[PDB]
Structure formats: structure tokens, C-alpha cells
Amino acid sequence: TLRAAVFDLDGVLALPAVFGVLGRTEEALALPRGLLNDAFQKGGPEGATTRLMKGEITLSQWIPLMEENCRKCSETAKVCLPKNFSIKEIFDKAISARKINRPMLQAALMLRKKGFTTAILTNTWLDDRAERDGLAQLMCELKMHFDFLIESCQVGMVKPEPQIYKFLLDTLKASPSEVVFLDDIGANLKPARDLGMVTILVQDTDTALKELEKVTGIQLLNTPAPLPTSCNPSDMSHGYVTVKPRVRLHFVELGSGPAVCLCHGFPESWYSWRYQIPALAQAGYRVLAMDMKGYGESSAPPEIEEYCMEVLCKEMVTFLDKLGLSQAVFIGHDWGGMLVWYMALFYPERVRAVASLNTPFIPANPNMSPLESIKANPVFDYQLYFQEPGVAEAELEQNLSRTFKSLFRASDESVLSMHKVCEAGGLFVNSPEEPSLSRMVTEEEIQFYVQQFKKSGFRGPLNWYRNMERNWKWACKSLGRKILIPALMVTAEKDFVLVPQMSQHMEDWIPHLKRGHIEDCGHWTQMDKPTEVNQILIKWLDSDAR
């Protein structure tokens, strides 16, 4: 029956409420109880505050009017305002104080996940203060989770006037009894109730959500930890840079602040970072999530040598040059992780800091051809299978959905064994035709990978494995160097290809290396444990890249 949920902002989605601060201010300052609320509300529907809220005047213009109402109220109460009483002051403080009420936001998210239309309905103002950005960020973070954000000052109407409710209902394409509205001001709920809406008066958060659970039939309190926010491909800014005549790089870009270039592995996509991209932007970074060369919407030329590490690296430097970035933080996973260590070794002037998920840094052995080195380890047998051009492309392109559903599996989900793959004759020879769906991915997310890899197939991607000798000779040039820029190695307990123990000597070559470790995490680190990756990257970025 209910099909829409509407949340107030102040005191409902954001806490503390700012009425809360006027109360505290009178007390803290020993003024007559309610005096600041009297100035604030002075003149009711024609007073300064309603003009603010309807968008007629800005917040900076309203400030000196509140001053005057503050004076008039105190003269009529026969008291004085303190020396250096400051309205600007009180409001800035109140506004930077208010944060997102996480449990209310998560209830709004879940309700939207079960198909409610959701909105924010707020009396707010046109903010032209020097410090306006704080609230702009908060409004940005909140709004992306809702169907509509309706602000009094943008629509020229204010709660509790009945016209804003009619605007609300008309925006929601829903009738009043399909609607639940939560607000902390009962006056605000009166007109809503009159049209026949379910309303909930919000004091303490938990009782509100109890009423909201009871009325919607949906579990909202005590629910498990939800996943971080993901990305919808068609809502992203997509960028394209030509690095040389045949070769463009595509990337997805979100956020502002220091550039953070994310480099995915095999056989993956910018979309492998879907859980990190919104968190890192939200943490104050400019995220660039690449399609690496060979993939997705980046160019995939056929020739093997277009994918040696030397060339891949030079082209990532060109990518920075054309975008006008003197540096970026480079964060890589799997093959992208190998690339970022090489960026650190050959272009340290261009890398602000370097982090790898799963891929360790192990210096080339100048006394052993890499083919040799490969044979002395059963787990890398599958790389020999990748060598012969055409062979692995035929198996991996033969059925895309089966390819990704077989690869992308959590550590307890019957991961593909990477074992005597040549002897067996292929990677999938012992896996079902129709694998079940991993818990890590939806069927939609698999079909995004399928659709990406329909553009170029597996030739480019496989070519990354086909420059063993050439990469070896290049890496040998770097054997006298150490990596002395800020560096993070994140190991994944149950990645059985890139095992944590393989990273154990990195401090010999990266003396100030920092570390994280994710337990119970297989090879697909970003989507296996997105919450922990986010926390480890953001904490390292804030201390070492900022």
C-alpha cells in the first residue's frame, strides 16, 4: 500500500537539528528561554525567516535581519544581549555541527532498495556564506541516495503550508495514503495527516524507525551492515584521452582533491572499482578509474609488444601529461598492481604515492629467464597456457557469462583451481557449463562485464602475459633502485595465486612500506571485501597522500 517515503532533513536525516543549537545558545549564554526562537520566528508568514526559506532572500541577507529581531525580542523581554553576540557565528557552528544521521539514511536506502520512491523535504535556504561548501557537500552526499530532494527555497513554498504538500504528492506521482512522511516538527506533520498521509513524529531515531518498520512491513532496525555505495555506469562522467595515434584510454572520473588513479587487473574493468569510487570521492579525492589498455572502452590493439610494461607505463605517463596532472596516486590490483610498482620505479616524479592490492613487488632475477622462474612453481602453470596466441582467447570468449561467473568467486565458492591447466587442456575443463552465481556479484553486474568484453575480447588482456622476457629485461634496469615514495601493500589471506607470503621481503626494497591485510578475502579483493578495502585505502590516503 505505502509506495513512497519522505524524510525531513534537519532533525531527521541530519543531526543535531539547528533548533537544538538555538536552545543550547540561550542556556550557554544565560538568555531568557526561547528568546532566540522568538527572533527566528518573528513575523511568522511574512517575517524575515519565511522569506529566507521561500528563496526570496539569501542567508547572508537574512543574517542582519535575525540580528534585528534578536534585538527587538530582548528589548521587549527587558534584557541585554552579550558583548560580541554573533548570529553568523552561532549558525556557522550549528551548521558545521550537523552530520548525516547514518541509521536514518540506511533505512531510507533499504526502503528504496525494496522499491519505495524516496524523497527529502526540507525548509532550507540559499546559502551564500563563505563556508557554504560544508553544507553543499552534505547535501550532495545525501541527495544521490534519494529520488527527489525538494527544498523550500528552490520551490518558493515552505512546510507547513499546504501547497508544498501538494507539490510533494504531485512530484511523487502518488496519492496521500501511499505516503509516509517523517519530520521532527509536529506542525509540519499536521497538513500531511489532513491529506491522509502516514506521518511519524521524529524524536529519538530508534523509535521513529520502529514506527517506520511497523508501518512499511520492512525490517530496518538492527539490519546487517549494508555494502558501500556502488556506481551505475550511465550516471558516471566518462573520459577519453588519446595517448598516441592508435590508442585511447577510457576512464570514469568522480570527486575533487588529489588525483587517485585506479588500475584494475585481469580480466577486469574500471567497474571492478565500483565500491571504491564513491567512497574515495566522498573522502576528498579525485578518482580516475581506468579501463586499462586492452579493455572495455580503451583501445585494444592486437600486437603483443603494445602490452609490455614499458609501453603500458609510458602511455600512463602520456595519459597524465594530456590531462595536465603532474602527479597521481596510483592504486593497482593484480596486473594493475604490477604496473603501479613499475610506475613507482621508473616515474617516481609522477606518482604521489603507490598502493597495490594482492600483487607483491619482487625484483626481477637477472640470473634466471622468467619462463624458468615460472616452471619452478605449480600455481603459475596457467600462465604457460596463456602464452600461445589464440588458445586461451578461444576458451575465454566462447561463453562470456560462464567465463566471469567461473572467475569471479569468493574463497568458499569453489574457486577455479589454477592447477595443471596445460595438462588439463584449459581453465574451465573441469567446471560446470552453467556456474551458479557468486554472492559477490548480481546477474546484472556479470552482464556488464560480458557486454564490455564483447567489444574487444581477450586478445589485449592476454597479451599482458605475453611479454615475460621483454618485461624481465626492462625490470633488470631497475635493480639498483629502491622505492622510497609512500607505498602500501595490501595482502588478501585466501588469494591462492598472489599469496600474502610472496610479499614478505618487500621491506628490503621498499624500506618504509606500509601494510594492510584482509582476512577471509580471495583474489577479487575490491568486491570480496569492499568495506575493508575502503577503510584501509582511505586511512592510508589521509595519512600518506594528503
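Note that residue numbering follows the sequence shown and begins at 1. Heads up, when I say rigid core I mean the largest set of C-alphas that superpose within 1.5 Å between the two forms.
Structural divergence in 9 other deposited structures of this protein between 408-416 and 158-166: following superposition by the core, 408-416 has C-alpha atoms lying farther from the shown form.
A summary of the deposited B-factors shows that, of 499-507 and 39-47, the stretch with the larger mean C-alpha value is 39-47.
The mean C-alpha temperature factor is higher for 110-118 when 110-118 and 323-331 are set side by side. Of all the options 152, 74, 276, 406, the entry's greatest CA B-factor is assigned to 74. Taking the deposited Cα B-factors for 97, 287, 138, 104, the highest one is held by 97. When the modelled residues of the chain are ordered by their C-alpha B factor, residue 366 lands in the middle third.
The entry lists a Cα temperature factor for residue 22 that places it in the highest third of the chain's modelled residues.
Split the chain's modelled residues into thirds by C-alpha temperature factor. Residue 459 is in the lowest one. Among the modelled residues of its chain, residue 57 has a C-alpha B-factor that falls in the lowest third according to the deposited record. When the modelled residues of the chain are ordered by C-alpha B-factor, residue 250 sits in the lowest third.
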